[PDB]
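let's see this in three dimensions:
(chains A, B and C)
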Amino acid sequence: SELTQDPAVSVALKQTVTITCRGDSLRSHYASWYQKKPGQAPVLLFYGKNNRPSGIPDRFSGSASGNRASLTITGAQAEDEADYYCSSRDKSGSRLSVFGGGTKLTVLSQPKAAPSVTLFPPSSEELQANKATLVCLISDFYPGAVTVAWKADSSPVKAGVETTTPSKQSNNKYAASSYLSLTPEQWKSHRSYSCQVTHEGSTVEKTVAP
Amino acid sequence: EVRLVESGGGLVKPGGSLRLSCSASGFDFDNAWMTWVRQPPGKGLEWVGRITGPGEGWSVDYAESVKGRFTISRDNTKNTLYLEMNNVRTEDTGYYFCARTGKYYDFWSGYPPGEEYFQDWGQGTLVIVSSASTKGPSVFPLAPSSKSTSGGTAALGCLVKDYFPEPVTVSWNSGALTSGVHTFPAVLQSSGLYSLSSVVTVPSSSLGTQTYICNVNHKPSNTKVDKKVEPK
Amino acid sequence: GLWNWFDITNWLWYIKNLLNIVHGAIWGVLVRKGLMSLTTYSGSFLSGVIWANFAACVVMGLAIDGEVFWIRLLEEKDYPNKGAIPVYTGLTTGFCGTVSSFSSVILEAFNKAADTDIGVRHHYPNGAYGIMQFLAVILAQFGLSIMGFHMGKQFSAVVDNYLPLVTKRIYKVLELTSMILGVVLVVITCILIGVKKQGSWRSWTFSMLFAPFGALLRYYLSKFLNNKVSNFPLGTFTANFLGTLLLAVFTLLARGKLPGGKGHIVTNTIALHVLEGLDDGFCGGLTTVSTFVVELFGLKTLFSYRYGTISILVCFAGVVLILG
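Numbering: from 1, shown residues only, chains lettered A, B, ... in the order given. The coordinates are given below.
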């Protein structure tokens, strides 16, 4: 990870906000910035010291100082919600370029709502087939920054956990899901299995036991 | 009015080969760099490589995870960009974009060879490097956990598992019931088999009479399978 | 065809370094001579060029905070660095460097020594007094320089934690000073008698002309011949050695007057003044305590004392060799 970024940032309407790009090579190289809406081609936003292509609204201003590259958005409108990427030299003076790990921006169009967490014990129907998939249910949440953590009793597990990127809901909320592929033998070897989920610093946990 | 269109997608068996083309016009092409950028779905996009012009004799560059496995070459006469892949690993999947490259170097503040900025991008092409194949789906009844709640809104669905490729378009009661029916997006397991679960928002007062029959219908395999959800 | 980007950008960076270092040296020599003419002895038992180095370090203290790549290089770490060694070329090796007078410091120490061994080096009184004054002057110079660097770093932190006040606000003033220097160097130097009419006007002209060449020589020594042997940059050291021997030779040529009639030859106000301008600019732009201080207790833990001792002792031994 040559370049690092904040995974997600939230801001209300008409209020300014900044997106921070941190990297070692930014000391001797300027940055670039790319708005990325899903299913659309990224459009160049801001690059160099003070260069911005014609057509883009003035609200996107970027500054470079020290080992940071900052693009600050002034007055995020309805259509400004997207992912923003920073790109520059990977090694300080090499013939390459890289990109940051991702920065999801969310304009607040819905007051914050807690997710509806649901967990189902593995059905016996998959159990006789030597399969045990745990299905954790994440729906009706806003905004889209949820991290699924699976705990084996007090201990954790990562052996078989799979998580999907949250998507749209009919009422503009978000929903997602996670799966844990586990053998039936290890299913009965632990006291409890939980899929903790955290959203904007708030967490909800649901436990299922044999 | 500058536009770049990619072409040459489709599924590729790992270790195979695939050639990607990019149509471009409406701008000086013999003196402008092209850069291949890829994006795995749901993740951050990554750099593949760039190809130069007459400034250096059409030189090449590549990513540290790509160097030696890809090939970038340009045919100026046909005004098209070509990308060649061999020995494709499972990580190569995602959207491939070919974007024109700009050059920027301030004369007082900077360090050679300056930054690169892409003055435009292309619509994109999709490549899916999967070791799987056309296989029928499965139906596992997601029991609504008879204990659960008794007066609230419970949940019950189906484990549509091990189906490929997209989509499955699960149905419910042959369309009779739509009480909060969501078909969640499929998840990518290690074995490259798509799987998704859809749930109907059921009150905890179902008491059996509220019957929910679960319709699974996979077009690519032409498999039509039905399953019933019943609590433990 | 048109050009080659990977080469045109390298050439632009090189010419940027050249222009920045030349302008920095030219603008720093005038500050040096302002300090020197402002000696106003009063107290300051040493005085003269003593303050100049003390100034050069303090301002350099505001650069070493953001220098990084030099600091990282003198830390043997961080493989993916490969950065520019003298970042802030127009200020680190420029104004901060050219102002320093390492060769002048050693010459002052030797001159105040005044042939410590008057007739015999074995005698305790004369030798002890001479070594005492030499150690005192060297300790004063380097301790004041290091203290100035320390206050520079501390004040840099104290001003940085509050507010940067936009860095480019200093970039604009640097640029406007550059245009002022260019305009002056054009008009005043071009509008003059062909024999470079005497007075305070010519007293700085040849020194100004010779200073940037010495600064360039030190810069190329500190970029090419540097980092050739580990923990011993050897670039600044060879630059200082060349500067101090050159200054000693030309001071013997001017002050010593070994034939006796060389002063009579330089009675004409050309031969002595070209040497004076050389002393002002060339050896003064080739020897830098500011880069020397950075190589000192800034970083290079522990081993720094070895570098300082070897540099000082070899320089003093050389300038003694010119005596013979």
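
just give the closest residue to whichever residue of chain B sits closest to chain C, not the sequence neighbours.
Here chain B gets closest to chain C at one residue, residue B:54, 3.6 Å apart by C-beta to the nearest C-beta. Backbone N, C-alpha and C define where each C-beta goes, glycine included. Counting by C-beta to C-beta, 6 or more residues apart in numbering or on different chains, residue B:54 lies nearest to residue C:1, which is 3.6 Å off, once chain neighbours are set aside.

check contacts around the one you found.
By C-beta atoms under 8 Å, 6 or more residues apart in numbering or on different chains, the residues touching residue C:1 are B:31, B:53, B:54, B:55.

now residue C:133
Residue C:133 neighbours (C-beta under 8 Å, 6+ apart): C:112, C:113.

quick check: next helix or strand after the helix or strand containing it?
Applying DSSP states H and E as the criterion places residue C:133 in helix C:124-160. Using DSSP H and E, the helix or strand that follows helix C:124-160 in sequence is helix C:168-190.

buried set for that next one?
Within helix C:168-190, the residues scored as buried using 16 or more other C-beta atoms under 10 Å in any protein chain shown are C:174, C:178.

ok, and what's touching that helix?
C:23, C:26, C:27, C:90, C:201, C:205, C:208.

which SS class is the residue nearest to residue B:54?
coil (DSSP: H, G, I helix; E, B strand; the rest coil).

if I look at it, how far off is residue A:138?
With distances taken as C-beta to C-beta, to the nearest Å, residue C:1 is found 57 Å from residue A:138.

cool, residue B:97 as well?
Per C-beta to C-beta, residue B:97 is found 30 Å from residue A:138.

can you show me the helices along the stretch 1-150 of chain C?
For the stretch 1-150 of chain C, applying DSSP state H, counting those that start in this stretch gives helices covering C:5-37, C:50-67, C:69-73, C:96-99, C:102-113, C:124-160.

got the contact list for the most centrally placed residue in chain B?
Residue closest to the average C-alpha location in chain B (C-alpha atoms, centre = their mean): residue B:41, at 4.4 Å. The neighbourhood of residue B:41, defined by C-beta under 8 Å, 6+ apart, consists of B:93, B:94, B:95.

format these as TSV; extra columns: secondary structure and neighbour count.
Formatted as TSV, the contacts of residue B:41 follow (DSSP: H, G, I helix; E, B strand; the rest coil; neighbours: other C-beta atoms under 10 Å in any protein chain shown):
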residue	secondary structure	neighbour count
B:93	coil	21
B:94	strand	20
B:95	strand	19
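
count the neighbours of residue C:30 for me.
Neighbourhood size, residue C:30 [other C-beta atoms under 10 Å in any protein chain shown]: 16.

domain parsing for chain B?
B:3-129, B:138-229 (CATH domains of a matching chain).

quick one: the shortest one to chain centroid distance?
Think domain B:138-229. Remark: domain B:138-229 is offset 23 Å from the chain centroid, using C-alpha atoms, centre = their mean, to the nearest Å.

now the first one
Averaging C-alpha coordinates over domain B:3-129 and over its chain gives two centres that are 18 Å apart (C-alpha atoms, centre = their mean).

got the end-to-end distance for it?
Chord length of domain B:3-129, first to last residue, is 27 Å (C-alpha to C-alpha, to the nearest Å).

what does stretch A:15-27 give?
Start-to-end, stretch A:15-27 (C-alpha to C-alpha) is 29 Å.

can it be found next to chain C?
Yes. Stretch A:15-27 reaches chain C (C-beta under 8 Å from any C-beta of the partner chain) through A:24, A:27.

show me what that stretch is in contact with.
Stretch A:15-27 is contacted from outside by A:2-6, A:9, A:11, A:31, A:33, A:64, A:66-76, A:84, A:86, A:88-92, A:100, A:103, A:105, C:68-69, C:80, C:83, using C-beta under 8 Å, 6+ apart.

residues contacting residue 6?
Chain wasn't specified; assuming chain A. A:19, A:20, A:103.

my question was about chain C
Contacts of residue C:6 were listed using C-beta under 8 Å, 6+ apart, and they are A:95, B:55, B:56, B:112, B:113.

and stretch B:119-139, does that touch chain A?
Yes. With C-beta under 8 Å from any C-beta as the criterion, chain A is reached by stretch B:119-139 at B:119, B:120, B:121, B:122, B:123, B:124.

related to what we said a few turns ago, where strands are concerned, which of the contacts of stretch A:15-27 count?
The strands, defined by DSSP state E, take in A:3-5, A:9, A:11, A:33, A:64, A:68-73, A:84, A:86, A:88, A:105 from these.

before we move on, back to that, buried ones from the contacts of stretch A:15-27, can you make that a PyMOL selection?
Per 16+ other C-beta under 10 Å, the buried members of the contacts of stretch A:15-27 correspond to this PyMOL selection:
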select buried, (chain A and resi 2+3+5+6+9+11+31+33+64+69+70+71+73+76+84+86+88+89+90+91+92+100+103+105) or (chain C and resi 68+69+83)
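
quick check: chain neighbours aside, which residue is closest to residue C:319?
By the measure of C-beta to C-beta, 6+ apart, the closest residue to residue C:319 outside its immediate chain neighbours is residue C:248, 4.5 Å from it.

next: residue C:204.
Leaving aside its sequence neighbours, residue C:204 sits nearest to residue C:33 (C-beta to C-beta, 6+ apart; 6.3 Å).

tell me which residue of the stretch 101-250 of chain C lies closest to chain A.
residue C:167 (6.7 Å).

so what's the residue count around that residue?
Quick note: residue C:167 (other C-beta under 10 Å) scores 11 neighbours.

I figured it hits residue A:65, correct?
Yes. Taking contacts as C-beta atoms under 8 Å, residue C:167 lies within contact range of residue A:65: 6.7 Å.

still on that earlier bit, give me every residue that touches the residue nearest to residue C:204.
Neighbouring residues of residue C:33 by C-beta under 8 Å, 6+ apart: C:204, C:207, C:280.

likewise residue B:131?
B:13, B:14, B:90, B:191, B:192.

so residue C:2 makes contact with residue B:56?
No. Using C-beta under 8 Å, residue C:2 is not in contact with residue B:56; the gap is 11.1 Å.

neighbour count winner among those two?
residue B:56 (14 against 9).

for the more buried one, what are phi and psi?
Dihedral angles of residue B:56 (phi, psi; degrees, to the nearest 10) stand at phi -130, psi 0.

excluding chain neighbours, what is closest to it?
Using C-beta to C-beta, 6+ apart, the closest residue to residue B:56 is residue C:4 (5.7 Å).

thought the one you found was touching residue B:55?
Yes. Assessed by C-beta under 8 Å, residue C:4 is found in contact with residue B:55 at 5.0 Å.

how about the contacts made by the residue of the stretch 51-200 of chain C found nearest chain B?
The minimum distance from the stretch 51-200 of chain C to chain B, using C-beta to the nearest C-beta, falls at residue C:84 (6.1 Å). Shown in contact with residue C:84 (C-beta under 8 Å, 6+ apart): A:28, A:93, B:111, C:69.

ok, now with 7 Å
A:28, B:111, C:69 (C-beta atoms under 7 Å, 6 or more residues apart in numbering or on different chains).
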